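The block underneath contains the structure these notes are about, expressed in structure tokens.
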Amino acid sequence: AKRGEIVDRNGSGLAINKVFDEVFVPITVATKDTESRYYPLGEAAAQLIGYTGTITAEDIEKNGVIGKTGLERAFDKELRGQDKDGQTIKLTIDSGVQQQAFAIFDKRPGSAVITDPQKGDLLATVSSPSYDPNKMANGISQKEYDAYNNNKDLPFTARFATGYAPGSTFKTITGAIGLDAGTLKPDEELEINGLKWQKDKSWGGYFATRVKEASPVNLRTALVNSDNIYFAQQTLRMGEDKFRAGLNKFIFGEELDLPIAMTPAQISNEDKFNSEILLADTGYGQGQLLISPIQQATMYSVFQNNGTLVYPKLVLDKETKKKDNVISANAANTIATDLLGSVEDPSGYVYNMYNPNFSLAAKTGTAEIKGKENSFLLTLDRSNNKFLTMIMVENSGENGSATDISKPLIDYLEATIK
Ligand SMILES: *C(=O)[C@@H](NC(=O)Cc1ccccc1)[C@@H]1N[C@@H](C(=O)O)C(C)(C)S1
Ligand SMILES: [Cl-]
Ligand SMILES: [Cl-]
């Protein structure tokens, strides 16, 4: 039986079969014609699609080829058939978006998740660096394989499913929670002097620090300037109960119906912060938050659905599933409108991607890990609400920011997905 195909949303192949003339024990391509598993996108979708391998003795313990990793293994039952050819599985992936999202990294460690925010379609799930899935499935030498395993940037890992601290992009949720709680007034002008702030001397040598000097600061200025002090103060103003009440309406601790293994997102290590510092850190995306890029794109989907959360989906014919009224419609549109300044204001961090013919909201972020720094970029299509991007660059202190590489992807999406 011929193994079933994995195709993208347009029917283009992602995991298919192709006949080669191999130079009987086939080694490499030239003598005998054999059918081999082929991946047209190669490393661009290696971690997602995975690769196949020969059935081993340990596999036959839980009663041809079998999917070893990725969707080849998760869908191995439906794909392998029975010798009835295997079934064809059509994904939400867009091959053009998948290849563009992978090209921007250029061996930099990071990930990119592009979604249809109103339907949950995962248009692209990219992890960098990557590996050749055709060689892993049909013949890789110990030299090339050891180069993958000794790569400290870990190309085999699926970074879009790994949990990270979200960074300053998380301020969009903290601000929306503050709006619905009634403690955050969008027009209130907060006096903030200097670059560091603590509640009082009980914080010791720790301060919430910002990068830009500005006063007074309202909600929109705090988002565009990415002011940590404003959001640390607003988080302490609302309190842990009001803060967690809004956070708990998101998908924290919730396993998703995605064929991708993923630890659920968490707010902190325990049910209580037991620290004003930890409560304030969580307000601007640090602390003990662990959210994967797929989970981040899911949480941030509320700003393009009038406060409704749209769950992600990878299989095209799967019905859209939502979580209603995670935040209010007024809070979602207030935050999304304020994020237009990140792209449209000449001093905004995403002004490099400014397009006078397209409405793009955005929010950047740099997380400090116990150190190293990761860069994040969230963009929101506000012209038609047809795409959402969650882009991350690991070790941004050496690899640069996500904003510095993501413009060709955003330009591609504004002309294609629109
Ligand atoms: C949000 O993530 C904020 N980041 C920090 O407070 C930590 C940090 C890391 C490196 C340098 C300075 C501060 C602010 N948002 C990011 C961002 O948008 O890239 C800033 C670096 C502007 S700070
Ligand atoms: Cl799915
Ligand atoms: Cl920003």
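Residues 173 to 195, 240 to 246, 259 to 291, 298 to 317, 340 to 626, 633 to 680 in the authors' numbering are what the sequence shown spells out, letter by letter. Quick reminder that beta carbons are idealized off the backbone N, C-alpha and C, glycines included.
Starting from the Cα of residue i, find the closest Cα among the options and give me that residue.
i: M518; options: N474, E312, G419 and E496; result: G419
i: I283; options: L276, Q275 and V299; result: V299
i: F614; options: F649, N481 and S603; result: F649
i: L545; options: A553, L534 and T554; result: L534
i: residue 686; options: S471, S663 and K302; result: This structure leaves residue 686 out entirely; the chain is present only between 173 and 680.
i: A273; options: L639, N406 and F412; result: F412
i: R364; options: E660, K680 and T564; result: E660
i: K391; options: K190, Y279, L410 and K427; result: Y279
i: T428; options: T593, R644, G662 and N611; result: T593
i: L313; options: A536, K574 and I188; result: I188
i: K441; options: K260, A587 and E194; result: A587
i: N581; options: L570, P568 and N561; result: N561
i: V467; options: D513, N449, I277 and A501; result: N449
i: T554; options: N484, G352 and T381; result: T381
i: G509; options: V369, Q551 and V566; result: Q551
i: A246; options: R265, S264 and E194; result: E194
i: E624; options: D643, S598, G431 and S424; result: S424
i: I370; options: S557, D527 and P385; result: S557
i: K174; options: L186, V241, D180 and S264; result: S264
i: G342; options: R644, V353 and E306; result: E306
i: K626; options: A521, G543 and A437; result: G543
i: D643; options: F358, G662, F309 and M609; result: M609
i: residue 294; options: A368, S383 and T622; result: Within the chain, the sequence of modelled residues goes 291 then 298, so residue 294 has no position in this structure.
i: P568; options: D601, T651 and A501; result: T651
i: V179; options: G604, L572, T576 and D372; result: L572
i: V566; options: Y401, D409 and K505; result: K505
i: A618; options: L595, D513 and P612; result: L595
i: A414; options: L276, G563 and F361; result: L276
i: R493; options: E532, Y387 and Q354; result: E532
Determine the burial state of residue i: buried for a count of at least 16 other Cβ atoms within 10 Å of its Cβ, exposed for fewer.
i: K634; result: exposed
i: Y486; result: buried
i: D456; result: exposed
i: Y462; result: exposed
i: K669; result: exposed
i: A677; result: exposed
i: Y267; result: buried
i: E496; result: buried
i: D350; result: buried
i: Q398; result: exposed
i: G183; result: exposed
i: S658; result: buried
i: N484; result: buried
i: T665; result: buried
i: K340; result: exposed
i: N481; result: buried
i: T620; result: buried
i: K375; result: buried
i: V655; result: buried
i: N406; result: exposed
i: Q316; result: exposed
Tell me whether residue i counts as near ligand 1, meaning its Cβ is closer than 7 Å to at least one heavy atom of that ligand.
i: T622; result: yes
i: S482; result: yes
i: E635; result: yes
i: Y605; result: yes
i: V473; result: no
i: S424; result: yes
i: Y556; result: no
i: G541; result: yes
i: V655; result: no
State yes or no: is the C-beta of residue i nearer than 7 Å to some heavy atom of ligand 2?
i: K574; result: yes
i: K569; result: yes
i: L514; result: yes
Whole-angstrom Cβ separation of residue i and residue j, contact assumed at under 8 Å?
i: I516; j: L503; result: So it is not a contact: roughly 23 Å between Cβ atoms.
i: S471; j: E447; result: 6 Å
i: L347; j: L675; result: At roughly 18 Å, the Cβ-Cβ gap does not stay under 8 Å, so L347 and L675 are not in contact.
i: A421; j: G541; result: 6 Å
i: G366; j: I243; result: Not quite, the Cβ-Cβ distance comes to about 35 Å (not below 8 Å), so this is no contact.
i: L616; j: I672; result: 7 Å
i: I345; j: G176; result: 7 Å
i: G539; j: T491; result: 3 Å
i: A521; j: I507; result: 7 Å
Under 7 Å: does the beta carbon of residue i sit that close to some heavy atom of ligand 3?
i: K619; result: yes
i: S663; result: no
i: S384; result: no
i: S598; result: yes
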